[PDB]
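Trainee: model the structure of this input:
(chains A and B)
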Protein chains: 2
Amino acid sequence: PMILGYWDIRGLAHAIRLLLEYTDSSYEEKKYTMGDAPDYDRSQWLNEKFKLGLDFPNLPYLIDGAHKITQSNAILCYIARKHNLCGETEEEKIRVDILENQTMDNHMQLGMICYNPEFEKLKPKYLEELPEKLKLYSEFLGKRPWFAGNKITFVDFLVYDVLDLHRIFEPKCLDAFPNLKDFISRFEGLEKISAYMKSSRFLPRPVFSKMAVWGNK
Amino acid sequence: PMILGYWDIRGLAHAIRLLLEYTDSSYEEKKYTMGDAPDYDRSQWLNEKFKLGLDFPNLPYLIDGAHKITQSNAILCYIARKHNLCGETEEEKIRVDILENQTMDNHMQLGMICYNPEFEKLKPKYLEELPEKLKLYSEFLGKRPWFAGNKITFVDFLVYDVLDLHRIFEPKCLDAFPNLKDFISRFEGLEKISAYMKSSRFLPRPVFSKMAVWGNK
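Mentor: Numbering: from 1, shown residues only, chains lettered A, B, ... in the order given. See the structure here:
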């Protein structure tokens, strides 16, 4: 079956794993461990990095038959396209595209402070700006059941991840937005999602790699 | 006509401007000027940020009729979709998706060092890794006329922008890869591209905003 390679971390693979499960895709995972101490040994990966036939060697990666894909969003689309989880109407496609990139932005933004040694200093400012960002997601969603519209698309998996990451980070952030809270519920309530969430496959943490000041383990 | 809003800078709009021209799209540009001095005044934008009706207010933005799009790749896909410039075969679509993300990666990496005050220290290391990055683009293109395959797609506008940027930065970088040199030649050769490159509309630089240590002006 398909093989998903990534660190034994949640990181950028969370949405992919969720999507694979929601779609009944048969896959195996090649987990790569990183070294502890000051020598964050990545050799387990580096030593194999150029032996997989990947055009642009990177983690995560998905190998399906003759297709070797890298870059999160690319893998997400690859799978989504196989199950019609990309927009149908132009309007839907537009919303997918905007979000696909927007979520990647918000994700990296968080990533930058949790890897920066001076995390403690940056944290406050981040927390100040957080309500405005979250607000935007709320207003975008409005009263529809899913971000692209009336049907779940691969982006809901991305949005969910970003939201879940922030509730972990600052537990109270979603409170002022019942809109998002309901969304999270609708998502985790999906038969396949909850079924996966109660298995030994579920890897909700560590959030980031060993070399992070927050979310590591 | 569609209106493209951005700083009066090359930045992330370059590929967009190129795509618009190559496709005959009728558009206008709303250029926002940034302040100099230590008070990098962005009020020109801020004062208007929430008056355009964008879901996720940002630069650049494209406003076509009732469609308001933000995020570079969204704008690019929007225009590309309108003119069949996204992949056709599955294989073409995969290459598009990988490259749409890879180029954005490489773009951001360069950006980070050119905005960081310690640009001088960082430059050498960047230059050391550069030949490897470029090599990957070369091997991926191979003997094909365009990155996606036999037909030009929106990604070529993206790949070109990155290559061009690195040629501006480190003039000799492409030399070891005639593959890429030719590609740039083919691209700049396209009737509409050359026509545009010789107009007053062409805006090859500044590369980055007034607050960058390299590529500013």
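Trainee: what about residue A:149, distance to residue A:177?
Mentor: 19 Å (Cβ to Cβ, to the nearest Å). In short, each C-beta sits where N, CA and C put it, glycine included.
Trainee: and chain A, which residues reach chain B?
Mentor: When proximity is defined as Cβ under 8 Å from any Cβ of the partner chain, chain A approaches chain B at A:55-56, A:67, A:69-74, A:77-78, A:81, A:90, A:93-94, A:97-98, A:100-102, A:105, A:136, A:139-140.
Trainee: so which of those residues sit within helices?
Mentor: Using DSSP state H, the subset of the residues of chain A next to chain B located in helices is A:72-74, A:77-78, A:81, A:90, A:93-94, A:97-98, A:100-102, A:105, A:136, A:139-140.
Trainee: so where do the helices sit in chain A?
Mentor: Across chain A, reading from the start of the chain, the helices by DSSP H fall at A:14-22, A:43-49, A:72-82, A:90-115, A:119-141, A:154-169, A:178-188, A:191-197.
Trainee: ok, back up a step: pull out the buried residues from the ones in helices among the residues of chain A next to chain B.
Mentor: The neighbour-count test (16 or more other Cβ atoms under 10 Å in any protein chain shown) applied to these identifies A:72-74, A:77-78, A:93-94, A:97-98, A:100-102, A:136, A:140 as buried.
Trainee: now do the domain split for chain A, please.
Mentor: Here the domain parsing of chain A from curated CATH domains is A:1-85+A:191-217, A:86-190.
Trainee: what's the burial count for residue A:168?
Mentor: Summarising burial for residue A:168: neighbours were counted as other Cβ atoms under 10 Å in any protein chain shown, giving 15.
Trainee: now do residue A:79
Mentor: The burial metric for residue A:79, expressed as a neighbour count using other Cβ under 10 Å, is 23.
Trainee: quick check: it vs chain B, distance?
Mentor: When Cβ to the nearest Cβ, to the nearest Å is applied, the distance between residue A:79 and chain B equals 11 Å.
Trainee: distance check, that residue against residue A:125.
Mentor: As it turns out, when the distance is counted by Cβ to Cβ, residue A:79 lies 36 Å from residue A:125.
Trainee: swap in residue A:149?
Mentor: Residue A:149 sits at a distance of 34 Å from residue A:125 (criterion: Cβ to Cβ).
Trainee: between these two, which has more neighbouring residues?
Mentor: Legend: neighbour count by other Cβ under 10 Å for residue A:149 and residue A:125, higher for residue A:149 (16 against 10).
Trainee: now the more buried one: closest residue in space, sequence neighbours ignored.
Mentor: With sequence-adjacent residues excluded and distances taken as Cβ to Cβ, 6 or more residues apart in numbering or on different chains, residue A:149 is closest to residue A:92, at 5.4 Å.
Trainee: the one you found reaches residue A:153, doesn't it?
Mentor: Yes: between residue A:92 and residue A:153 a contact is recorded at 6.9 Å, counting by Cβ atoms under 8 Å.
Trainee: the more surrounded of those two?
Mentor: Of the pair residue A:92 and residue A:153, residue A:153 is the one with more neighbours under other Cβ under 10 Å, namely 23 against 19.
Trainee: give the contact list for that one.
Mentor: Taking Cβ atoms under 8 Å, 6 or more residues apart in numbering or on different chains as the contact definition, residue A:153 lies against A:80, A:85, A:86, A:87, A:92, A:96, A:146, A:147.
Trainee: do the same with residue A:85
Mentor: Here residue A:85 is in contact with A:19, A:23, A:79, A:152, A:153, A:154 (Cβ under 8 Å, 6+ apart).
Trainee: going by distance to residue A:38, which of the residues you listed wins?
Mentor: When those are compared for distance to residue A:38 (Cβ to Cβ), residue A:19 comes out closest, at 35.5 Å.
Trainee: grab the nearest non-local neighbour of the closest one.
Mentor: Per Cβ to Cβ, 6+ apart, closest to residue A:19 is residue A:157, 5.1 Å.
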